[PDB]
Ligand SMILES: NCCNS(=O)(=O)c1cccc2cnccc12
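There is one chain below, alone, in structure tokens, taken in the form solved without the ligand.
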């Protein structure tokens, strides 16, 4: 399943840049044969050794392999993949609804019920993943897009799969990555990583989503990491002076240090605040 070794140019019309992380750059584009819009991700292959620039072949494949296994509506989808000598081009689904968070900004008022809507979608998408035994490992507001903003209740789309890694049984994996703010403890304290991680983030997102304040955001990374490791957050009335205990609860069960004690996706879904039993 190699990558088509042709020039993308040939089958697509590379348009404007829509974003560019670091060793990869995204530009809107078009399928020549269909006049269909797509998003083209250019992942600069690594130079050689300590090559401060470029992505490892594994990290590459690891991302691709993954994107290929996933096929859920609440998750971004990879149409095609081409490969030249400088970069590796991914033809990904195009996401225009912008960052969920931004949209929510314009929205001036959010009901928990309405909020759980989104959160739930996030869950449904994440669920697909985890089932295929996969960890996005990079869940954050900047990575929670919207298909088309133009609908009372938008379709959330998970993107950015560079930090995604396929979890295996009895094969330990630890590493330090991601935004200081959304990472769980097992990461900060270089410990065994599992799907559990992605859950912590869900909580963090929800906390932010409801209150608009980050549970662990400190003045300095130095500071934050401590909060996360020490698991130090509160439910300040200055923000949670309206929130249901049902909400807060959901939060509480996800922001837990002990892996096995923290809720699992399946668990998180059948939680009253999400799926009202009665």
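Positions refer to the first chain, counted from 1.
Omitted from view is the form deposited with the ligand bound, to which the following refers.
**Study point:** Pose source in the deposited complex; superposed partner the ligand; site open or blocked by backbone or C-beta within 2.4 Å
**Key:** Open.
**Q.** Site test, 70, 125 and 195 vs the ligand in the deposited complex, non-hydrogen atom cutoff 4.5 Å
**A.** No: none of 70, 125 and 195 comes within 4.5 Å of the ligand in the deposited complex.
Check whether residue 94 has any heavy atom within 4.5 Å of a heavy atom of the ligand in the deposited complex, and answer yes or no. Yes.
Whether residue 75 contacts the ligand in the deposited complex should be assessed with a 4.5 Å heavy atom distance threshold; does it? Contact with the ligand, no.
Is it the case that residue 228, even though its partner is missing from this view, gets within 4.5 Å of the ligand in the deposited complex, heavy atoms only? No, residue 228 sits far enough from the ligand in the deposited complex that none of its heavy atoms falls within 4.5 Å.
Problem - Non-hydrogen atom contact residue 26 with the ligand in the deposited complex at 4.5 angstroms - result: So residue 26 counts as contacting the ligand.
Q: Identify which of 202, 100, 183, 159 has a heavy atom within 4.5 Å of the ligand in the deposited complex; exactly one of them does.
A: Only one listed residue qualifies here, and that residue is 159.
Quiz item: Out of 145, 187, 81, 135, which one falls within 4.5 Å of the ligand in the deposited complex, going by heavy atoms?
Solution: None of the others qualify; the residue that does is 145.
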